[PDB]
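Protein sequence lines correspond, in order, to chains H and L. The first sequence maps to residues 1 to 137, 142 to 225 in the authors' numbering. The second sequence begins at 1 in the authors' numbering and counts up by one.
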Amino acid sequence: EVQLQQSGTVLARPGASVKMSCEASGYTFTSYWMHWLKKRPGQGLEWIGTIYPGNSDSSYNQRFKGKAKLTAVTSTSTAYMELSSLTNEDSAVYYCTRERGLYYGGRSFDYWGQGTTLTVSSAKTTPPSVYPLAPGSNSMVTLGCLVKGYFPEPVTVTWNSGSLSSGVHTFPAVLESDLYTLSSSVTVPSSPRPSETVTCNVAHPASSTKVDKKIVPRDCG
Amino acid sequence: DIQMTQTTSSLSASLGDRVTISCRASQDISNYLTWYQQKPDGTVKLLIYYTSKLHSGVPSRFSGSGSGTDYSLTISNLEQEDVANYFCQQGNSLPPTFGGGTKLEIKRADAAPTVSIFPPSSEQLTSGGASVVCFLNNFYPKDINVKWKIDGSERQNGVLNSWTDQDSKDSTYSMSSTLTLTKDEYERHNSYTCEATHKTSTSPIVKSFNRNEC
Ligand SMILES: C=C[C@H]1CN2CC[C@H]1C[C@H]2[C@H](O)c1ccnc2ccc(OC)cc12
């Protein structure tokens, strides 16, 4: 089974340089052309370049020439890509892939890595603020959990430590002035809460943050 | 570069149906077209190369055809495991170029959105900001429009929306609409409304509250 395994997410400020790897297995590394691709949310999939680990012969997209350097180490069957002078446009998910065709390749890419995320940002590691979303007076009732102003991704939200899986919606994060924000909803019957405790648990690994915001009905009168 | 287009970004079908994904090139690519499958996993797999040649390990219900600029991928008997994003590439000219992809969604009965609105917490106001969050959960089709009304008037500034992918469990969609402003501005208005337009309702589904209650 041909398998590529790329390196983890990379955070970098503008002007920095980074290096991501791609470890191949299940075949002879030196005998197939490797390629790198860039997936940015606005564009389609873009071609960076390619290297033949046999003799390190390479070819580059003219747009990434001087931006991306490509290397391959025969010893550890590992391809590398270097990215220099990072800017906001360099933010993307980068894929390494193998070209079909022994020795001389073909016109397709027959095996793929899972991808590597590169986040270009000057934002500092910031814990999330977590806010209870209570109703404001049916068989069911929906509660919420607002997670605001954190960096970087990811954040993890659960309800009653995960004991509430069904009826949960957690939405993709969005960027507002260099920080991330999202919300999570949970629907339970109208039976078990105001009466039983409902609690959202927000975790932010990067900052080592764990907060539990118990949902309690609004204070008015 | 040769440009690859996939006019249909999302396609509706049912399990067991015949599905056809379309691909177009900005010029003749001489049958040098290749198809890929990107599952929710984020994993990519090769299916078909050179217009119609099956890659080893690919099920036979997959097939491809086309010539000149127009090409297509076909699935004879759609299974739940075939629900993914399908995109093409031309291999006629370097650099290789790809289409935006076509994401498969599963058909189901029209379901109205469950709309819920939430005034900002008192805890949040101590920060200086004020987020009015509106959930619209478990609706179908995906087509939906969300409007924020303040004291009667429409509002667009400070509104960020966020959509989930199609939930496999019930084939529905959900979205959050969040309106964010200063505490000072929030405290200077009364009626905050979140109304949704959708196929299941002639009249918009309106969810609102008056700040001056709680
Ligand atoms: C990019 C450079 C190398 C990678 N492949 C092997 C040697 C070099 C050529 C290319 C392939 O033969 C090839 C030839 C001609 N037209 C092509 C068009 C697309 C393509 O995508 C994999 C590969 C092509």
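Ideal Cβ placement from N, Cα and C applies to all residues, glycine included.
Can you pull the chain H residues whose beta carbon is under 8 Å from the beta carbon of residue i, in chain order?
i                        : result
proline 59 of chain L    : Correct list: empty, because the minimum Cβ distance to chain H is about 16 Å.
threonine 182 of chain L : Within chain H, no residue comes near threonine 182 of chain L; the closest Cβ sits about 13 Å away, beyond 8 Å.
Helix, strand or coil, according to DSSP, for residue i in the structure here?
i                         : result
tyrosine 32 of chain L    : coil
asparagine 190 of chain L : coil
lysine 152 of chain H     : strand
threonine 69 of chain L   : coil
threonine 87 of chain H   : coil
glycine 64 of chain L     : strand
residue 141 of chain H    : Position 137 is followed directly by 142 in chain H, which means residue 141 of chain H is not present among the coordinates.
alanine 210 of chain H    : helix
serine 129 of chain H     : strand
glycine 49 of chain H     : strand
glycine 129 of chain L    : strand
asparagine 164 of chain H : helix
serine 31 of chain H      : helix
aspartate 223 of chain H  : coil
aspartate 57 of chain H   : strand
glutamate 180 of chain H  : strand
Is the beta carbon of residue i within less than 7 Å of some heavy atom of ligand 1?
i                            : result
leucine 94 of chain L        : yes
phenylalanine 64 of chain H  : no
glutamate 187 of chain L     : no
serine 31 of chain H         : no
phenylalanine 87 of chain L  : no
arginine 98 of chain H       : no
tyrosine 104 of chain H      : yes
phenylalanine 109 of chain H : yes
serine 169 of chain H        : no
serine 17 of chain H         : no
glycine 91 of chain L        : yes
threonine 97 of chain L      : no
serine 21 of chain H         : no
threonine 119 of chain H     : no
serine 59 of chain H         : yes
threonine 50 of chain H      : yes
Please decide whether residue i counts as near chain L, where near means a Cβ-Cβ distance under 8 Å.
i                        : result
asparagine 61 of chain H : yes
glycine 105 of chain H   : no
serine 108 of chain H    : yes
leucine 45 of chain H    : yes
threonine 116 of chain H : no
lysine 65 of chain H     : no
residue 140 of chain H   : Coordinates for residue 140 of chain H are absent, as chain H skips straight from 137 to 142.
Taking C-beta pairs closer than 7 Å, name the residues in chain L that residue i reaches, listed in chain order.
i                            : result
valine 178 of chain H        : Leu160 and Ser162
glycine 8 of chain H         : Simply none; closest approach about 14 Å.
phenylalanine 175 of chain H : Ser162, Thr164 and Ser176
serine 129 of chain H        : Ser127
Give the interface partners of residue i over in chain L, defined as CB-CB distance under 8 Å, in chain order.
i                        : result
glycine 26 of chain H    : Near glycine 26 of chain H there are no residues of chain L at all, since even the closest Cβ is about 13 Å away, more than 8 Å.
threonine 146 of chain H : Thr114, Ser116, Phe135 and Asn137
Which residues of chain H have a Cβ atom closer than 7 Å to the Cβ of residue i, listed in chain order?
i                        : result
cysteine 214 of chain L  : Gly136, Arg222 and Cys224
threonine 178 of chain L : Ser187
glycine 68 of chain L    : None at all; the shortest Cβ gap to chain H is about 17 Å.
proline 96 of chain L    : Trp47
Give a yes or no on whether 8 Å exceeds the smallest Cβ distance from residue i to chain H.
i                            : result
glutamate 123 of chain L     : yes
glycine 91 of chain L        : yes
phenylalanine 135 of chain L : yes
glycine 100 of chain L       : yes
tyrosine 32 of chain L       : yes
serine 116 of chain L        : yes
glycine 128 of chain L       : no
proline 113 of chain L       : no
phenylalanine 62 of chain L  : no
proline 119 of chain L       : yes
Can you name the residues of chain H whose CB is closer than 9 Å to the CB of residue i?
i                       : result
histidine 55 of chain L : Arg100, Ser108 and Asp110
At which residue ranges does the stretch 72 to 127 of chain L contain complete alpha helix (DSSP H) runs of 4 or more residues, listed in the order of the chain?
Correct list: 122 to 125.
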